[PDB]
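K.L.:
the data below comprise the sequence and an experimental structure of the protein.
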Amino acid sequence: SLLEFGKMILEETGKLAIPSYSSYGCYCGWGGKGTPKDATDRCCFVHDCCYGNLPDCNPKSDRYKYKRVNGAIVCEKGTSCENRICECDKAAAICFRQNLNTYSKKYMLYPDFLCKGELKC
Ligand SMILES: CC(C)NC[C@@H](O)COc1ccc(CC(N)=O)cc1
């Protein structure tokens, strides 16, 4: 669920899920349309695509359990939806951590009209 994801982001990046990643680019937080603005925006695009592969699960509200083995994120055995959601977030977190160095504030609160373009998962 989102309680898990946000906690994961903070631990990983140090920035806070909301508002650092709840309204960035064209995909973080708001999904929909567009061409991802930057690397962090691409993690969101890929992440949204990740939840999209799980039709009958509830990413936002189904809680899962994960642990750290010296820094590694280890998703714990749960329902199979819980296992797959967890993997989807673990990636976003890793991806987020990987492009902290290019996280740019001008994409914060990014306006919608500026997000039109085509991208299939
Ligand atoms: C505590 C506050 C009010 N949070 C409400 C909460 O709905 C914030 O919302 C969201 C909505 C959707 C997502 C999708 C995720 N990033 O992939 C992440 C966070």
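P.N.:
Yes, it's here. Residues are numbered from 1 along each chain as shown.
K.L.:
how about the helices in this protein?
P.N.:
2-13, 39-51, 80-98 (DSSP state H).
K.L.:
and residue 104, which of the ones you listed is closest to it?
P.N.:
Nearest to residue 104, of all the helices of the chain, is helix 39-51, at 7.9 Å by CB to CB. Quick note: C-beta positions are derived from backbone N, CA and C, even for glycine.
K.L.:
and the contacts of that closest one?
P.N.:
With CB atoms under 8 Å, 6 or more residues apart in numbering as the test, helix 39-51 has contacts from 21, 24-29, 31, 36, 57, 59, 85, 87-89, 91-92, 95-96, 98-99, 102-104, 107, 119, 121.
K.L.:
now, of the residues you listed, which are buried?
P.N.:
By neighbour count, with 16 or more other CB atoms under 10 Å, the contacts of helix 39-51 hold 21, 24-29, 31, 36, 57, 59, 85, 88-89, 92, 95-96, 99, 103, 107 as buried.
K.L.:
which of the residues you listed come close to the ligand?
P.N.:
residue 29 (CB under 6 Å from any ligand atom).
K.L.:
CSV for the helices of the chain, including distance to residue 73?
P.N.:
Formatted as CSV, the helices of the chain follow (distance: least, CB to CB, whole Å):
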stretch, distance to residue 73
helix 2-13, 7
helix 39-51, 14
helix 80-98, 5
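K.L.:
distance of the residue nearest to residue 66 when sequence neighbours are not counted relative to residue 83?
P.N.:
With CB to CB, 6 or more residues apart in numbering as the criterion, residue 66 has its nearest non-adjacent residue at 5.1 Å, and that residue is residue 75. Here the criterion is CB to CB, to the nearest Å. By it, residue 75 lies 6 Å from residue 83.
K.L.:
need the contact list for the residue nearest to residue 66.
P.N.:
Applying CB under 8 Å, 6+ apart, the residues near residue 75 are 64-66, 83, 86-87, 90.
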